[PDB]
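A.B. asks: Dumping the structure here so I can ask a few things about it.
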Amino acid sequence: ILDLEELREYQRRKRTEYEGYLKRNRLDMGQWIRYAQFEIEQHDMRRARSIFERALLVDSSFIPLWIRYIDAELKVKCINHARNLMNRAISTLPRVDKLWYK
RNA sequence: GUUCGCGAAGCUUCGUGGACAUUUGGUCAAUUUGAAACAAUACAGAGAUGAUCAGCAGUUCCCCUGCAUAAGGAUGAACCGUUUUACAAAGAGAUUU
Ligand SMILES: [Mg+2]
């Protein structure tokens with residue numbers, strides 16, 4: 001991964017692969033988090049955010065996804081957004097203990 | 001042009017007022033640059049399983065043939081890979097205040 005174009009090519013390919021894996025097992029939720037992580041690594045915060053949102057939409061009742069997303073939000077010192085996300089999660093799911101605790 | 005009236009010249013001819021009839025067609029403009037596919041060459045090449053082979057489905061932001069809610073398409077196409085956290089409790093040893 002020397003040049004920018006090379007990176008783009010790599011990244012693009014990876015994204016495509018992820019998409020392919022999703023299209024079959026949309027309801028997986030491990031894959032989605034992996035994808036999100038990858039996006040985060042790539043330092044495209046938008047993309048990562050989108051992916052997480054998509055995952056949530058697929059399976060709202062999946063705490064791990066929520067928590068990982070929150071972590072990601074916090075990781076990038078983007079607290080306000082993270083806070084909002086947390087609030088949303090709480091609204092969605094009150095009787096799960098964990099979100100509140102987080 | 002048709003004509004039904006008026007006014008001048010010789011029923012014939014000019015000059016007039018009316019009535020009749022009244023707004024088409026274009027999502028488009030004629031060769032490369034607004035998107036057809038097969039074919040061809042080269043290169044490989046055939047689902048499980050040790051091998052050979054049948055058929056059926058399944059997922060999809062892939063379609064094709066088919067009148068088709070028949071049927072058929074390489075098991076029609078891509079799926080075979082990546083896969084480290086709602087993560088705590090107990091015990092032992094070490095440096096810092
Ligand atoms: Mg066959």
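In the structure tokens, the first chain shown is A, the next is B, and so on; residue numbers restart at 1 for each chain, and ligands run from 1 in the order shown.
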Can you list every residue in chain A that DSSP puts in alpha helix (DSSP H), as an MDAnalysis selection string?
C.D. replies: chainID A and resid 4:24 30:42 45:58 63:75 79:92 98:101
A.B. asks: Within 9 Å of region 15-29 of chain A, counting only C-alpha atoms (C1' of nucleotides), which residues qualify if same-chain residues fewer than 5 places away don't, as a VMD selection string?
C.D. replies: (chain A and resid 10 34 to 35 38 to 39 55 to 56 58 to 59 62 64 to 65) or (chain B and resid 59 to 61 78 to 79 81)
A.B. asks: Counting only C-alpha atoms (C1' of nucleotides) and all ligand atoms, name the residues that have an atom within 9 Å of an atom of ligand 1; the answer should be given as a list in words.
C.D. replies: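 The residues within 9 Å of ligand 1, counting only C-alpha atoms (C1' of nucleotides) and all ligand atoms, are residues 54, 55, 74 and 75 of chain B.
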A.B. asks: Please report the interatomic distance between CA of residue 66 (chain A) and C1' of residue 86 (chain B) in Å with one decimal.
C.D. replies: 8.7 Å
A.B. asks: Pick the closest to residue 54 (chain A) from A:82, A:77, A:97, A:33: which is it, counting only C-alpha atoms?
C.D. replies: A:33
